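Working notes, structure below.
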Number of protein chains: 2
Amino acid sequence: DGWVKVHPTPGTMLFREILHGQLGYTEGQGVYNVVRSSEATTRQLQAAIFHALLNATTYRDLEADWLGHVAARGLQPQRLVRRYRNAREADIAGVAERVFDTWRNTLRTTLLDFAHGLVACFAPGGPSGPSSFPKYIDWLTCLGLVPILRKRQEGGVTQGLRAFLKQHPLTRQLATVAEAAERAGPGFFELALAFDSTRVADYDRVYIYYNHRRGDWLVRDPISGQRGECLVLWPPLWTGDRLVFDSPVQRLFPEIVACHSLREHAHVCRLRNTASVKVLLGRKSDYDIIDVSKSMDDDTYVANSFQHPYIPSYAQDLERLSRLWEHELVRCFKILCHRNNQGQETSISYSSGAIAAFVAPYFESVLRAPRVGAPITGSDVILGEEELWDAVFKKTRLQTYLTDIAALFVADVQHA
Amino acid sequence: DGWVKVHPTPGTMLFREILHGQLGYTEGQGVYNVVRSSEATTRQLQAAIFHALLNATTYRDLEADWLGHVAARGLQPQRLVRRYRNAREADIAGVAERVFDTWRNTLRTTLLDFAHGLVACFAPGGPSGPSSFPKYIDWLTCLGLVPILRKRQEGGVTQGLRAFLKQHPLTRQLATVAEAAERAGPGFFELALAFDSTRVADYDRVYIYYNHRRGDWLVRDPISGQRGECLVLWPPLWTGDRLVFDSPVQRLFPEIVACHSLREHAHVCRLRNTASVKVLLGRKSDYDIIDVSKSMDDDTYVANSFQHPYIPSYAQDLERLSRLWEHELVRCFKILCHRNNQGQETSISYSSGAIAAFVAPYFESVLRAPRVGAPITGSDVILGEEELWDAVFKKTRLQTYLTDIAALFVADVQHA
C-alpha cells in the first residue's frame with residue numbers, strides 16, 4: 001500500500017562499501033578520516049562541564065574560605081603590621097600580594113584537578129557505545145538520515161558519576177567545591193542519563209520504510225522488534241519508482257562508477273597484448289596466438305586485415321577524481337585547513353561553522369542534552385584541554401571575585 | 001482553456017536531478033554546497049534578538065539596581081571614605097572603579113546567558129521544518145519561483161517561547177530584565193507565529209499553473225487540496241511555444257547536456273576498440289571481430305577499405321564546464337572568497353550585498369516577519385556568537401547608561 005523499502009536495498013549497501021574503498025581508493029578520500037574524528041564533541045563537552053561548574057560558585061564561600069585561610073595562618077593585617085612596625089608600604093603590599101597569589105594558585109590547581117576528574121567519566125561514551133558520534137557522521141554521509149532508538153534506564157555513565165561524586169574529599173575540604181558540586185550535580189545526572197539512554201542504530205541491522213503520500217518515516221529494529229524514531233537532516237526526493245538522496249556519496253556516485261569501469265576495461269586490454277605474435281588463417285580456393293577463422297569461409301575470400309593495439313589511459317581520471325573527492329568533502333563539511341608559507345596542511349580541523357552546524361544538532365536532537373551554554377569557537381578545538389580550562393577561567397565569573405577580594409585585601413592591609 | 005501546466009513537466013524534474021549530479025559532477029558545482037547553508041539567517045536572527053532585548057532596557061531601573069547592589073554591600077561612598085580616612089583620592093577612585101567593573105562584568109555575563117537562552121528557541125526552525133531556508137534557495141536556483149502555503153496556528157516555537165519565558169528566574173532577580181523581557185515578549189511571540197504559520201511547498205508534491213493572457217499564478221497542493229501563493233523573483237518569458245525561465249540551471253543547461261552527450265559518445269567509441277585484429281571478407285568473383293559482407297555483393301567488386309580508430313577526448317570540456325559553474329554561481333549569488341598570500345579559498349562567505357538581496361526578502365516577504373532592525377554586514381557572518389553579542393552590546397543604550405553611571409559614581413566618591 002504505497003510503502004517502499006528504502007535502506008536494506010543493495011544500492012545503499014553499495015554506498016556504504018564504497019565508503020570502505022571496496023571499489024577503488026584515492027588520496028582525496030583520505031580526508032574523510034578527519035571528518036569522523038570525535039575531538040570536537042569532547043571539546044564541547046569539556047567546555048560545558050567547565051562552564052557548569054565554575055558558574056555555580058559564589059562570592060560568599062570564596063570570601064569565607066579566604067578569611068579561614070588567613071585566620072589559620074594567623075596572618076591578619078593588624079598582626080602583620082604590628083610585627084613589622086615600619087611604614088614601608090611597598091614591602092607589605094608585595095608580601096600580601098604574594099600570599100594571596102599562593103592561595104589563588106593552589107585553589108586554581110585544586111579546582112582544575114576536580115574538573116578533570118569530572119570530565120573523565122563522560123569522555124568514553126562520546127566516541128563509542130550508545131550515541132557514538134562517528135556512526136552518526138557516516139550515517140549522514142551515506143543518506144542524511146539518522147535512525148535513532150530510545151529507552152529510559154540507568155546505566156554506565158550514571159553509575160560512574162554516582163561512584164565519583166559521593167565520596168570525593170575535595171567537596172568536604174572546601175566550601176566552594178561543596179556548594180558548586182551540590183548545585184551542579186543534578187544537571188550532570190540529567191546529562192549522564194541523556195548519554196546512557198539513546199543509541200544510534202547499526203547500519204547492517206536496521207530497516208527503514210518510506211511512504212510518499214504522507215511523507216512518513218517508519219524505522220524498525222528487526223532483532224528486538226523495537227520501533228525507532230527517524231531523523232532527516234537533508235530531505236530526499238521522490239521521482240516515481242526511485243528515491244534520490246542528496247548525500248555526498250550520491251552526488252559523487254555516477255562518477256566513481258565510470259572511473260572504475262574504465263579501470264576494469266584498461267585491465268582487460270592489457271592482458272590481451274601479452275602475446276606478441278599473432279597469426280591469421282583462412283581457407284584455400286578449391287605467447288603466440290592463432291586465430292582460426294576457417295569455420296566461416298565458404299565461397300568467400302579474405303579482403304583485408306588490420307591491427308591496432310589500443311590501451312586506455314586512466315591516470316588523468318584518477319587525479320580528477322581525487323581532487324573532486326577532496327573539494328567535495330572540504331566544502332560540504334566546512335573543514336578548515338592551515339598552511340605553511342608555501343607548504344600545505346599543517347593541520348586539519350573543524351571550522352566554527354562546522355561545529356555550530358553539526359555538533360549542535362547532535363547534542364540537541366540526537367542526545368536531547370539539557371544545555372551546553374554558549375558553543376566553543378573553532379580555534380578552541382586546536383587548544384589542549386588544559387588551555388581550554390585556563391581560557392574559560394579567564395573570562396568567567398570566578399576571576400572577578402578573586403580580583404575584587406585581592407584588591408580589597410591589599411587596600412585594607414595598607415589602611416589598617 | 002488557455003492555461004499552461006508548468007512545474008511537473010519532465011524538464012523541470014530534469015533540472016533538479018541535474019542539481020543532484022544525475023548527469024556528471026564537477027569541482028565547480030561543489031561551491032553550491034556553501035550557497036545552501038543557513039549560517040547567515042541564524043546570524044541575522046541572533047542579531048535581531050540581541051537588538052530587541054538590549055533596546056528594551058531603561059536607565060532608571062538600572063540605576064536602582066546599581067544602588068541596590070551598593071546598599072547590599074554596604075559600601076556607600078560616605079562609609080568607605082569615613083573608613084579609610086585619607087586624602088589619596090586616586091586609590092579610592094580606583095577601588096570604586098574596580099567595584100563597578102566587577103558589577104558590570106557580572107551584568108554582562110548574566111545578560112549574555114539570558115540572550116543565548118532566548119535564541120535557542122528559534123534557531124532549529126530555520127534549517128528544517130516549516131520555512132526551511134535551503135529549500136527556498138534550491139527553489140530559486142531551479143526556477144526563480146517559490147510556492148508558499150499558509151495557515152494561522154500556534155505550534156512548536158510558540159510553545160517553546162511560552163515555556164521558556166514564564167519559568168525563567170532572571171525576571172524575578174532583576175527588575176531591568178523583568179521590564180525588558182515584558183516589553184520584548186510580544187514581538188517574540190509575533191515572530192514565533194510568523195515562523196510557525198508559513199510553509200514552503202515540497203518540490204515533488206506541488207502543482208503550478210500559468211496563464212499568459214492574465215499574467216497571474218496558481219499554485220495547488222494536490223494531496224491536501226490547499227491553495228497557495230507564489231513569489232516570483234526573476235520573472236520568466238513566454239515565447240509562445242514554451243516557457244523559459246532565467247534561473248542559473250536554465251542558462252547552464254545546454255552546456256552540461258552537450259558535455260554529457262560527448263562523454264557518452266566517447267564511452268561508446270572506447271568499447272569499439274577492444275578487439276585488436278579485424279578481418280574483412282568478400283564474395284568470390286564466381287579479441288578478433290569478423291565483418292561479413294557476403295550478402296550485399298552482386299554485380300560488384302571491392303575497391304578499397306580504410307581504417308581510422310577515432311576516440312573523442314573530453315577533459316578540456318570538463319575543465320571548461322567546472323570553471324563555468326564556479327564563476328556562474330559566484331557572480332550570481334554574490335558569494336565572496338577569502339584567500340591566503342597566494343593560496344586560494346581559505347574560506348567562503350556571503351557578501352553584504354548577498355545577504356541584503358537574499359536574506360532580507362526571505363524575512364520580509366516569505367516569512368512576513370515583523371521587523372529585523374538594521375541588517376548585519378557581510379563581515380559579521382564570520383564572527384562567532386560571542387563576538388556578535390559583544391559588537392551589538394558595545395554600541396547601544398546600555399553602554400551609554402553604564403558609563404554615565406560609572407563616571408558619576410566615581411566623581412561623586414572622590415568629590416565627597
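Lettering and numbering for the C-alpha cells are positional, with chains as A, B, ... in the shown order, residues counted from 1 in each chain, and ligands counted from 1 in the shown order.
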>> So that I can check the secondary structure, give me every residue of stretch 181-359 of chain A assigned strand (DSSP E or B) by backbone DSSP, as a VMD selection string.
In response: chain A and resid 198 to 200 207 to 211 216 to 220 227 229 232 237 244 277 to 280 288 to 291 300 to 307 335 to 338 347 to 350
Per residue of chain B within 6 Å of chain A, which atom pair is closest and at what distance in Å (one decimal), using only C-alpha atoms, listed by chain and increasing number, as a Markdown table?
| residue | atom | partner | partner_atom | distance |
| --- | --- | --- | --- | --- |
| B:20 | CA | A:251 | CA | 5.8 |
| B:21 | CA | A:251 | CA | 5.0 |
| B:27 | CA | A:324 | CA | 5.5 |
| B:30 | CA | A:328 | CA | 5.7 |
| B:33 | CA | A:332 | CA | 5.7 |
| B:102 | CA | A:400 | CA | 5.9 |
| B:276 | CA | A:308 | CA | 5.2 |
| B:277 | CA | A:307 | CA | 4.7 |
| B:278 | CA | A:306 | CA | 5.3 |
| B:279 | CA | A:305 | CA | 4.9 |
| B:280 | CA | A:304 | CA | 5.4 |
| B:281 | CA | A:302 | CA | 4.9 |
| B:282 | CA | A:301 | CA | 5.5 |
| B:283 | CA | A:300 | CA | 4.6 |
| B:284 | CA | A:300 | CA | 5.2 |
The selected residues should be written to file as a PDB file, in the first residue's frame (atoms: N, CA, C and O atoms).
ATOM      1  N   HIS B  20      21.313  17.292  -8.347  1.00  0.00           N
ATOM      2  CA  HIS B  20      21.820  16.167  -7.568  1.00  0.00           C
ATOM      3  C   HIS B  20      22.891  15.375  -8.306  1.00  0.00           C
ATOM      4  O   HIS B  20      23.137  14.212  -7.967  1.00  0.00           O
ATOM      5  N   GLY B  21      23.527  15.964  -9.312  1.00  0.00           N
ATOM      6  CA  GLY B  21      24.580  15.262 -10.015  1.00  0.00           C
ATOM      7  C   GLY B  21      24.132  14.016 -10.737  1.00  0.00           C
ATOM      8  O   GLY B  21      24.883  13.040 -10.784  1.00  0.00           O
ATOM      9  N   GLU B  27      34.165  19.869  -9.874  1.00  0.00           N
ATOM     10  CA  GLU B  27      34.665  20.640  -8.745  1.00  0.00           C
ATOM     11  C   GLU B  27      33.949  21.974  -8.608  1.00  0.00           C
ATOM     12  O   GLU B  27      33.775  22.460  -7.487  1.00  0.00           O
ATOM     13  N   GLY B  30      30.580  21.976  -6.710  1.00  0.00           N
ATOM     14  CA  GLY B  30      30.679  21.800  -5.270  1.00  0.00           C
ATOM     15  C   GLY B  30      30.542  23.097  -4.499  1.00  0.00           C
ATOM     16  O   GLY B  30      30.203  23.083  -3.314  1.00  0.00           O
ATOM     17  N   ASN B  33      27.376  23.919  -2.394  1.00  0.00           N
ATOM     18  CA  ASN B  33      27.143  23.452  -1.033  1.00  0.00           C
ATOM     19  C   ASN B  33      27.181  24.598  -0.034  1.00  0.00           C
ATOM     20  O   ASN B  33      26.513  24.541   1.001  1.00  0.00           O
ATOM     21  N   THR B 102      33.545  45.046  38.444  1.00  0.00           N
ATOM     22  CA  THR B 102      33.022  43.737  38.823  1.00  0.00           C
ATOM     23  C   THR B 102      31.528  43.657  38.538  1.00  0.00           C
ATOM     24  O   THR B 102      31.048  42.702  37.907  1.00  0.00           O
ATOM     25  N   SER B 276      41.507  -6.112 -31.242  1.00  0.00           N
ATOM     26  CA  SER B 276      42.688  -5.514 -31.847  1.00  0.00           C
ATOM     27  C   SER B 276      42.896  -5.904 -33.304  1.00  0.00           C
ATOM     28  O   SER B 276      43.445  -5.102 -34.067  1.00  0.00           O
ATOM     29  N   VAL B 277      42.471  -7.094 -33.717  1.00  0.00           N
ATOM     30  CA  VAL B 277      42.637  -7.555 -35.090  1.00  0.00           C
ATOM     31  C   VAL B 277      41.258  -7.718 -35.709  1.00  0.00           C
ATOM     32  O   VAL B 277      40.397  -8.403 -35.147  1.00  0.00           O
ATOM     33  N   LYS B 278      41.053  -7.090 -36.861  1.00  0.00           N
ATOM     34  CA  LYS B 278      39.782  -7.126 -37.564  1.00  0.00           C
ATOM     35  C   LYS B 278      39.979  -7.754 -38.934  1.00  0.00           C
ATOM     36  O   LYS B 278      41.014  -7.555 -39.576  1.00  0.00           O
ATOM     37  N   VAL B 279      38.981  -8.513 -39.375  1.00  0.00           N
ATOM     38  CA  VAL B 279      39.013  -9.212 -40.651  1.00  0.00           C
ATOM     39  C   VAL B 279      37.826  -8.738 -41.473  1.00  0.00           C
ATOM     40  O   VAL B 279      36.717  -8.613 -40.946  1.00  0.00           O
ATOM     41  N   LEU B 280      38.056  -8.468 -42.751  1.00  0.00           N
ATOM     42  CA  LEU B 280      37.002  -8.061 -43.669  1.00  0.00           C
ATOM     43  C   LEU B 280      36.913  -9.080 -44.793  1.00  0.00           C
ATOM     44  O   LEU B 280      37.921  -9.384 -45.436  1.00  0.00           O
ATOM     45  N   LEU B 281      35.716  -9.600 -45.031  1.00  0.00           N
ATOM     46  CA  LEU B 281      35.503 -10.638 -46.027  1.00  0.00           C
ATOM     47  C   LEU B 281      34.892 -10.057 -47.292  1.00  0.00           C
ATOM     48  O   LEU B 281      34.458  -8.905 -47.328  1.00  0.00           O
ATOM     49  N   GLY B 282      34.873 -10.874 -48.335  1.00  0.00           N
ATOM     50  CA  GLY B 282      34.206 -10.522 -49.570  1.00  0.00           C
ATOM     51  C   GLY B 282      33.671 -11.771 -50.235  1.00  0.00           C
ATOM     52  O   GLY B 282      33.917 -12.890 -49.786  1.00  0.00           O
ATOM     53  N   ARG B 283      32.929 -11.566 -51.319  1.00  0.00           N
ATOM     54  CA  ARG B 283      32.309 -12.667 -52.042  1.00  0.00           C
ATOM     55  C   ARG B 283      33.106 -12.950 -53.307  1.00  0.00           C
ATOM     56  O   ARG B 283      33.511 -12.021 -54.011  1.00  0.00           O
ATOM     57  N   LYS B 284      33.338 -14.234 -53.582  1.00  0.00           N
ATOM     58  CA  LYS B 284      34.103 -14.634 -54.755  1.00  0.00           C
ATOM     59  C   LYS B 284      33.566 -13.962 -56.010  1.00  0.00           C
ATOM     60  O   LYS B 284      32.383 -13.626 -56.099  1.00  0.00           O
TER      61      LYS B 284
END
>> At a cut-off of 9 Å, using only C-alpha atoms, what residues contact residue A:59? Leave out same-chain residues fewer than 3 positions from it and give the result as a list in words.
In response: residues 62, 63, 64, 398, 401 and 402 of chain A
> If you count only C-alpha atoms, which residues fall within 9 Å of residue A:12, apart from same-chain ones fewer than 5 positions away, as an NGL selection string?
Replying inline: :A and (6-7 or 17 or 142-143)
>> Set the distance at 12 Å and use only C-alpha atoms: which residues neighbour residue A:162 once local chain neighbours fewer than 6 positions away are removed? I'd like the list as a list in words.
In response: residues 118, 121, 154, 155, 156, 168, 185, 186, 188, 189, 192 and 193 of chain A
> In terms of the shortest atom-to-atom distance over only C-alpha atoms, which of B:25, B:50, B:210, B:32 is closest to residue B:1?
Replying inline: B:210
Can you tell me, as a PDB file with C-alpha atoms, in the first residue's frame, which residues in stretch 254-392 of chain A count as alpha helix (DSSP H) by DSSP?
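Here's the written file result_5.pdb:
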ATOM      1  CA  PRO A 254      27.852   8.423 -11.081  1.00  0.00           C
ATOM      2  CA  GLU A 255      31.496   9.490 -11.490  1.00  0.00           C
ATOM      3  CA  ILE A 256      33.406   6.874  -9.489  1.00  0.00           C
ATOM      4  CA  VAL A 257      31.471   4.023 -11.103  1.00  0.00           C
ATOM      5  CA  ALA A 258      32.516   5.259 -14.552  1.00  0.00           C
ATOM      6  CA  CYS A 259      36.127   5.570 -13.393  1.00  0.00           C
ATOM      7  CA  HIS A 260      36.014   2.016 -12.022  1.00  0.00           C
ATOM      8  CA  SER A 261      34.617   0.699 -15.305  1.00  0.00           C
ATOM      9  CA  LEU A 262      37.403   2.480 -17.182  1.00  0.00           C
ATOM     10  CA  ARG A 263      39.990   0.858 -14.919  1.00  0.00           C
ATOM     11  CA  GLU A 264      38.485  -2.605 -15.445  1.00  0.00           C
ATOM     12  CA  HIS A 265      38.495  -2.142 -19.219  1.00  0.00           C
ATOM     13  CA  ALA A 266      42.110  -0.951 -19.172  1.00  0.00           C
ATOM     14  CA  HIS A 267      42.975  -4.049 -17.150  1.00  0.00           C
ATOM     15  CA  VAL A 268      41.258  -6.266 -19.723  1.00  0.00           C
ATOM     16  CA  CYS A 269      43.021  -4.662 -22.691  1.00  0.00           C
ATOM     17  CA  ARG A 270      46.446  -5.067 -21.075  1.00  0.00           C
ATOM     18  CA  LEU A 271      46.115  -8.852 -20.781  1.00  0.00           C
ATOM     19  CA  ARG A 272      45.219  -9.070 -24.480  1.00  0.00           C
ATOM     20  CA  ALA A 315      45.713   8.341 -14.678  1.00  0.00           C
ATOM     21  CA  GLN A 316      44.082  11.657 -15.606  1.00  0.00           C
ATOM     22  CA  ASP A 317      40.730  10.328 -14.391  1.00  0.00           C
ATOM     23  CA  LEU A 318      42.208   9.211 -11.071  1.00  0.00           C
ATOM     24  CA  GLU A 319      43.752  12.646 -10.494  1.00  0.00           C
ATOM     25  CA  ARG A 320      40.460  14.342 -11.358  1.00  0.00           C
ATOM     26  CA  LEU A 321      38.510  12.078  -9.014  1.00  0.00           C
ATOM     27  CA  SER A 322      40.967  12.570  -6.144  1.00  0.00           C
ATOM     28  CA  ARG A 323      40.677  16.347  -6.386  1.00  0.00           C
ATOM     29  CA  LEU A 324      36.896  16.031  -6.716  1.00  0.00           C
ATOM     30  CA  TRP A 325      36.610  13.956  -3.536  1.00  0.00           C
ATOM     31  CA  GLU A 326      38.797  16.365  -1.582  1.00  0.00           C
ATOM     32  CA  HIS A 327      36.955  19.511  -2.668  1.00  0.00           C
ATOM     33  CA  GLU A 328      33.519  17.940  -2.216  1.00  0.00           C
ATOM     34  CA  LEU A 329      34.204  16.869   1.361  1.00  0.00           C
ATOM     35  CA  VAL A 330      36.015  20.071   2.360  1.00  0.00           C
ATOM     36  CA  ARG A 331      33.217  22.318   1.103  1.00  0.00           C
ATOM     37  CA  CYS A 332      30.374  20.078   2.303  1.00  0.00           C
ATOM     38  CA  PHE A 333      31.513  19.628   5.912  1.00  0.00           C
ATOM     39  CA  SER A 352      33.467  27.274  13.663  1.00  0.00           C
ATOM     40  CA  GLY A 353      30.567  26.914  11.253  1.00  0.00           C
ATOM     41  CA  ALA A 354      31.233  23.180  11.098  1.00  0.00           C
ATOM     42  CA  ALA A 360      24.990  21.400  17.924  1.00  0.00           C
ATOM     43  CA  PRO A 361      22.220  19.279  16.328  1.00  0.00           C
ATOM     44  CA  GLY A 378      36.704  26.711  16.042  1.00  0.00           C
ATOM     45  CA  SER A 379      40.002  27.983  17.447  1.00  0.00           C
ATOM     46  CA  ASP A 380      39.330  26.287  20.800  1.00  0.00           C
ATOM     47  CA  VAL A 381      39.277  22.848  19.165  1.00  0.00           C
ATOM     48  CA  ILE A 382      43.003  23.182  18.462  1.00  0.00           C
ATOM     49  CA  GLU A 385      42.190  20.641  27.426  1.00  0.00           C
ATOM     50  CA  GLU A 386      44.399  22.393  29.992  1.00  0.00           C
ATOM     51  CA  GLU A 387      44.482  25.539  27.858  1.00  0.00           C
ATOM     52  CA  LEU A 388      40.706  25.268  27.447  1.00  0.00           C
ATOM     53  CA  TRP A 389      40.242  25.249  31.220  1.00  0.00           C
ATOM     54  CA  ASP A 390      42.583  28.224  31.522  1.00  0.00           C
ATOM     55  CA  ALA A 391      40.789  30.209  28.813  1.00  0.00           C
ATOM     56  CA  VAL A 392      37.315  29.508  30.197  1.00  0.00           C
TER      57      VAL A 392
END
